[PDB]
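Student: sequence unknown, structure follows:
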DNA sequence: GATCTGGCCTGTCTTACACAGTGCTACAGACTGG
DNA sequence: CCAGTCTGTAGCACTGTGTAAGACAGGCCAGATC
DNA sequence: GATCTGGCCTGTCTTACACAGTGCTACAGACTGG
DNA sequence: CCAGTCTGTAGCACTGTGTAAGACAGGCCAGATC
Ligand SMILES: [Ca+2]
Ligand SMILES: [Ca+2]
Ligand SMILES: [Ca+2]
Ligand SMILES: [Ca+2]
Ligand SMILES: [Zn+2]
Ligand SMILES: [Zn+2]
């Protein structure tokens, strides 16, 4: 059998194969055995041309806000036409990207297969499902450091279709047509913009991302018209932007960073007012009200002093410009909790509420004997930082009864036992893929579980939490049930997705670049987008 | 219809494909279309096991000199058992290699196809061609610098089967059974030893190469018994070692290096005695007499002074240890001649025999006006060294009449015209692949052409060649007819072959290493040997 | 006319190619830091001291009744000269924020109290502009004037983004010169009044201005439209014949073909011009001197100090006027390793 | 007992971990350069000067009647003490050439004339060895003796390559200790005589020796066979009761467990031992002192000077004895970049 | 009215960790022929 | 039904690369003082 | 008898050049249907 | 028999990487000298 040209494109991209190499091996297998097993080069590229964005004609109702209507543009030069005159801020920065709209329609046409399969399964009619569509889009931006070559930093903006549901025609609080099953695996994290800048400087980052932001702020208004399965249908869109680490969350949101005194990203509590009472707070922070607060800072309509207004406005000091859902990142989410139980135990080996002034060395003694201790029982070598593996293995009731062995009193043992027990009861409530289905039991108990945890910390270990509270802990104790109810999960929006993409990017720089930085980006982006299309994974079945 | 496993191995190696990548693409093409187009992994490696050295049982008549008879050893650790005891010279140096004999028999059994084809063509019988075989082996060693990775120098010893002829049973001055047609193309330059050392230091280089040298010195004595085409047959061997640049030729030969006063590697002439009379010399230098001369130096059996013995022995100062055919290298062979005609012209623009003392600047003036001149007519940008391309294009009668344009006198013009004419008459005599066939006309004239050239240099331009002669020029004017008659060609032994192989080695280190320097060299050597076997090129036909 | 290579002791990652230097009451103030105001300096304005070639920066504080300012990057500064009512002030409008948006909101900066111990207090009153407001833009120029006897401000020039009809997300960073309608800004109230003149052929950008005794002179600037930097010096004469601000103009013969210049006032009306860029590719290397009176500009070519080879062989460079013939210039340090304070500073002084 | 870090002014790529220092007539001579003799030094022997921590090397010349020597690497040196016939000499045999082959030919090195101007003349007479010849080997030891009253040489120890039967091109760099038959070399003529002793249990390697008044003491060395470095000090007493050189020996109690030692003579028979390596992995760091007389060795542990950090934390190191308590040691400089003179030198002296 | 130091805050370097690829290897698991 | 025989996949041994979590210092401000 | 300088010579840096790879592109050639 | 049409192969534009041919310099030695 001759082989499907799409399969050949996938087998060139899905395994990082070169282009010359592919041609040489194709000529080999051609000349050897009597058959055209792999399609030739030019026809493979031609067969690819409809997978990239910029091929499927579409319509928009109404016309978009300040967005040209052309539907065939490919890779736009990211500079967006900087007047190169060297008297202004330089036109140096190199970047390449698609247009948001066209990339989205390309991905949607890709997913046409699964949307039609879901319409078949749900047994919904076809002449009656042309309007009520609802697509959730999870975006994610990050900085990638030190591209490995002998052009150091980079930023990569990537979005992912999270869930598509139907609306026609009743109340339909939810009719899940397609819920992506691997929202973290980089196999589905579509790049949309690449920029050879550094994550830090707010100038060039905003200067290049601006157009994408305008696309976002224009697109949530109108609705989309796309011909799929022979029927032209209308789509809506929600943009639950989550894919940011805390630092970028603040930089986009305007608050100072990072070791601030306005810890929470959702409430308005400072260090103390949350340290004292932990688990009693409500979600307040919003994007629009953060704009409002920034206005109240800039105009200072009450003539208060510097620190006076800084307190009145809750640290808002810079005009935010990218609406971000302030959701906890379940990826780390525990290094703080882990090292905090670590400090609890390093202050349990020595009696800390009877010796509240250790030396530079007595804590060294207690941690070192704790380290040899947990090497004895749990076989955990000394580490520098609470990475994921050590965090998982240490935060166990086994190691808790192991740290019981060296603490003299027998009431502290039971206290830390109950603490670790409630904490393990409450961890998978947030790390689950969907606690609405995996384990809603601990979710319904999470409020009371967390309150007992807070009461135990405030009655037993408040020797340290008078006015001090580690950042992660506030969000993990106060808002978690609220967040889970607000979204439906926590782990199902981790930035880590785009994080796993990082490898791919640098890998694609080593084997498929042009290479000359005007074209190098363009080609890396093209190959990435090829590698992350549901179509060319459906052909790599590998049963 | 499945594919030949040998073809699949070739298509994994002949295009630098990885190992994981190959498996992934194989699983893809398997699961997609109904057939097993590429063999699986373990059976491919199993099918390869007979291509590497160390598979075909062979015999040696008689038993070799101090060489263990075992015939199945694979990749030997190169150090050959250095006593790791720290007090001695360190056992650090890392190297890997085959055994000379086993690698040779592997390559021969590879070439079994063409040897049987040649026995078919020449119409020779089969029951009467079991003894008289004659294999010529061209070896080549060199240093490769700065392996490019995130272990700086390296040395690579490679041999190549040059020509195999028959001996049964008459006089048979030559019965060419197989004459390799690309004796320089890296596609046939088989690596045999690799060492992570530096080219310079004689110590470790000799320390590791020693065993190979002892092998070769033992191998020219006996004969080889190998079963090919069902018949077991006996082979002889000649080793025309040529693959060395001048510097290594000296280091192995013992003479000082490099800008010595004993220029020639064949005669005994110094700068002067060859400068006065150029083209009247006879090839003298030999390996055994160089050993003898080194003995005469060491014992100093005539109590002569330092310089007096240094003159009596013709620069022999170090015990040579690797018999090397003293052959001209056709690769550069002209950069000296090129820059020498360049100096001729830079001293013709000025009148040099009337102004034998130019300034630091007058020569700058003359070269610069010559450069603008040849930019006007021959379109040759100023360069800093006489590379290959500039040497080809400049050494032309056109550029010679172009340099006529600025020289005032009209007799010097005709002199340099005849000079360049004879030089072009004599260049392809040596750069040919086989002047016995390509152009023997100029070969029969080469003695007379060279003498006219020498007479013209001594009558016209001897203002510079009183006692000065560029190294290359002596070998190009004195022994070229002698050399061509000695071997049959000049270009057909250029080291450049292994030189091209260099750009392979780095490549293999970048995509196929293990990598950890114990196994890294093993893997690189294995893949190189796979890539240079006539068998797996016969399968990459590519008509 | 001499240079001394300075050094960045600390606080060096805080100067960007577009910035401003406010010269008033001794010490000078840096304005327009890169990135939003940190916690170390909740205002953003810096104080800058120069001590034996060392360039130190200290954190200014603010008043209580004042507003807080976003660090505009390439705005138009105007020394509202010391006089009634509250001397002495700086008018700032409007530049573009560290998010690529523009102000359209002029600010009045003044000093309040001191010291006690080498300390200052500043205030930044947002002053509303009514009208007939001017559009937000960057690179234009403001300049104070005073005539019989009213004190007003003349504003002209400047690029902007495309007006929000064809502003497309493939041209969302292209710029075009604002329409040349000079604005007149009355400080109290902000009754801005725009006017036009048939001599305003095309609005230019980055064109240093000089106002004296109700007569103003605009020197050479940059123009994107014709892509030429014209040599036509411009003069304009305004007069508040209440209730009408009647304005006229005049082209003159010679106007230097330079853009992005650093003007240092030495005398009462003596201005030494270092100048940034002559052509669109090679920056200028020489200097200039300009007097002015009711006659006009008196040109001169003063002594061009020999710049180091490093500065002369660099593509771009910028800086500000320390005032009183002293001025600071800076070059992007091109080489490894990026410090990352990749801006080397030179202090340059007249005579 | 103090160290000074020296430096390589020039000619630094010419010292290799195996080398020798000939101490005679003031200045000392370096011997055993890496790589064959260049043109700059047609002999190979160098003269070494130490001047305010600087280590300079100059090119010695030779006689006319003498042979020319291949730069052996780790040979056995023997100070043929100043006496009849032609004082004072060095006996060198036999090491291994810069091609991995061995000499089996002893050389006598002597001085001829001087200066005129800070110049020397040397001679290297190849002295034939008849017999009963010794086998070529490296790391063994030669020493001079004088017994009633004949001056002879005792030679013992040493590794070699496998004898050329099982010498295979997979073992062509393996070594095995020579058979322990001590040799006696008569200097003229070379009527060498082999002898054995039933206390010569196993021939060792790199074992520093000390000969005095026709009685010799062999200290600890290395052995590959048992892979142990035994502590059994050896003594042996030879006597030429013509026409028979009758020899006996004796094991003694204490012999230091060190190999590759640097012995400096200070007194008439006082030898300070720096020592290279205690165990097969960690080199020794301390020092030792050894007197000797007709009683035997008198041991002592003198003051071990504090070494620097890098010399103590390095794997290997070597050197020679400058003579008169002065000695040179060197460490392979391990770090980026390789100079390529990657051997740092320290001068170390007693008292 | 003018000057120095402990507190602490934060921007800077560094180093333990995860983990990426790569060939080789061994186990389990599943086909297929008796 | 059962064994042999294949085959896919997981796991091992190894350095090299990014990361960012802590080491930290030092420098300004408040404090403590001249 | 002892000390410095042009000659030259060779070990060290450096920089013009060749070329490696990569994807994109255009022509030439060879098949294949009329 | 010839047009169309595909396909392979050559060539283009770009920077990174090794080489080694010359720049050189300085340092010793001979000479030139104190
Ligand atoms: Ca990241
Ligand atoms: Ca981050
Ligand atoms: Ca070479
Ligand atoms: Ca080479
Ligand atoms: Zn909160
Ligand atoms: Zn010759």
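Tutor: Great, that's in hand. Numbering: from 1, shown residues only, chains lettered A, B, ... in the order given. Ligands and ions are numbered 1, 2, ... in the order given.
Student: contacts, neighbours, all on C-alpha from now
Tutor: Fine.
Student: Please state the offset of whatever helix or strand residue C:245 lives in from the chain centre?
Tutor: Using DSSP states H and E, residue C:245 maps to strand C:244-251. For strand C:244-251, the separation from the chain centroid amounts to 23 Å (computed by CA atoms, centre = their mean, to the nearest Å).
Student: Okay, residue A:438 and residue A:431: tell me how far apart.
Tutor: Computed as CA to CA, to the nearest Å, the residue A:438 to residue A:431 distance reads 10 Å.
Student: Of these two, which one has the most company?
Tutor: Taking neighbours as other CA atoms under 10 Å in any protein chain shown, residue A:438 and residue A:431 compare with residue A:431 leading, 18 against 11.
Student: The strand holding residue C:245: what's the following helix or strand?
Tutor: Using DSSP H and E, the helix or strand that follows strand C:244-251 towards the C-terminus is strand C:263-265.
Student: Phi first, then psi, for the nearest residue to residue A:469 once chain neighbours are set aside.
Tutor: Sequence neighbours aside, residue A:275 is the residue nearest to residue A:469 in space, at 5.4 Å (criterion: CA to CA, 6 or more residues apart in numbering or on different chains). In terms of degrees, to the nearest 10, the main-chain angles of residue A:275 are phi -70, psi -40.
Student: who touches residue A:275 in this structure?
Tutor: By CA atoms under 8 Å, 6 or more residues apart in numbering or on different chains, the contact set of residue A:275 is A:465-469.
Student: Residue A:492 contacts residue A:181, correct?
Tutor: No. Taking CA atoms under 8 Å as the definition, residue A:492 is not a contact partner of residue A:181, at 9.3 Å.
Student: Look at those two and report which has more neighbours.
Tutor: residue A:492 (22 against 12).
Student: Quick one: residues contacting the more buried one.
Tutor: Neighbouring residues of residue A:492 by CA under 8 Å, 6+ apart: A:183-184, A:432-434.
Student: returning to that earlier point: restrict the contacts of residue A:275 to contacts with DNA strand E.
Tutor: By CA under 7 Å from any atom of the strand, no member of these lies near DNA strand E.
Student: out of the residues you listed, who's nearest DNA strand H?
Tutor: Nearest to DNA strand H among these is residue A:469, at 47.2 Å by CA to the nearest atom of the strand.
Student: Pull up the residues of the stretch 351-500 of chain A that are close to DNA strand F.
Tutor: A:384-386.
Student: Neighbour-wise, give me the winner out of the residues you listed.
Tutor: Most neighbours among those, by other CA under 10 Å: residue A:386, with 19 neighbours.
Student: Could you check how far it is from residue A:336?
Tutor: Noted for residue A:386: a distance of 8 Å to residue A:336, by CA to CA.
Student: go on, residue A:394?
Tutor: Residue A:394 sits 13 Å away from residue A:336, going by CA to CA.
Student: what about residue A:233, which SS state?
Tutor: The three-state label given to residue A:233 by DSSP: H, G, I helix; E, B strand; the rest coil is strand.
Student: That one - nearest residue in space that isn't next to it in sequence?
Tutor: residue A:130 (4.4 Å).
Student: Please identify which helix or strand holds that neighbour.
Tutor: Of the helices and strands defined by DSSP H and E, none includes residue A:130.
Student: residue contacts, it?
Tutor: Neighbour list for residue A:130: A:231-234 [criterion: CA under 8 Å, 6+ apart].
Student: who's in contact with the residue in the stretch 1-150 of chain C positioned nearest to ligand 6?
Tutor: Ligand 6 sits closest to residue C:5 of the stretch 1-150 of chain C, with a gap of 63.2 Å, by CA to the ion. Contact analysis of residue C:5 by CA under 8 Å, 6+ apart lists C:53, C:344-347.
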